[PDB]
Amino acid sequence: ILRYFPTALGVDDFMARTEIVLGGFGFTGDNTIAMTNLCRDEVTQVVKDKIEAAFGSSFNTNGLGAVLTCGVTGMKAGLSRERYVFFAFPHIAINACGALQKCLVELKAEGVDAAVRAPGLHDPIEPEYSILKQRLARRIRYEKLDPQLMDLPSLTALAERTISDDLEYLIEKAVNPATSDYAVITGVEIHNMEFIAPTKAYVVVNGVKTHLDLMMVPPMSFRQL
């Protein structure tokens, strides 16, 4: 597994290291509403059970390849000093995703160019999918990446970054950082059995943002493999 995702952690190791840092900043399972975004696939169930067991109030969103469609309206809706934590993971299977696999094939078949369309457009009978593929097309072009060299892990990875930035857009619209503290933890979900390879973690307490490195957090011996 690590031959693809060096930072991959067993999912319970991931949760413990997350509980450790959050508590460090005044978050508790009882004072925080969490939000999760995952692919619609049945396999994303473990991360989602683990998270809602860690928190009192949980609220989930999901779409193809974990694309974010709930917008500010969906996010503000799912929320009820204020404390939130936002998780987001596209998934992949090694030893899934499905929609990300289809994207890979098409992005290679036609240009990155053919696949891009402006924001605000979408296909009537493929809304989620078309929005998903269009955000990856733009994202790919915006980082001078060649889809010919990319494999499914690197696209699942590009996806995370895209998803991650769109989650950030929504949070700044929906949350007041002067009355609410919050955390953002995103990365890639991996199935063999279940792993999380973290890529981005920070907290915003008192409108001040601090980056965290989960990989530097000493693990609980009990929740390891």
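The numbering used is simple: start at 1 and walk along the sequence shown.
Per the record, residue 80 and residue 81 are separated by a gap of 4 to 9 residues from the deposited sequence that were not modelled. The segment from residue 192 to residue 193 is interrupted, since 10 or more residues of the deposited sequence in that interval carry no coordinates. The stretch 107-115 shows the higher mean C-alpha B-factor when 107-115 is compared against 123-131 in the entry. On average the C-alpha atoms of 41-49 have higher B-factors than those of the other stretch, with 28-36 and 41-49 being the two compared. Highest C-alpha temperature factor among 152, 149, 85, 88, as the PDB entry reports it: 149.
As recorded in the entry, 175 carries the highest CA temperature factor of 175, 163, 196, 184. Among all modelled residues in its chain, residue 23 ranks in the middle third by Cα B-factor. The deposited CA B-factor of residue 208 belongs to the middle third of values across its chain. When the modelled residues of the chain are ordered by C-alpha B-factor, residue 92 sits in the lowest third. When the modelled residues of the chain are ordered by their C-alpha B factor, residue 156 lands in the lowest third.
The deposited CA B-factor of residue 141 belongs to the highest third of values across its chain.
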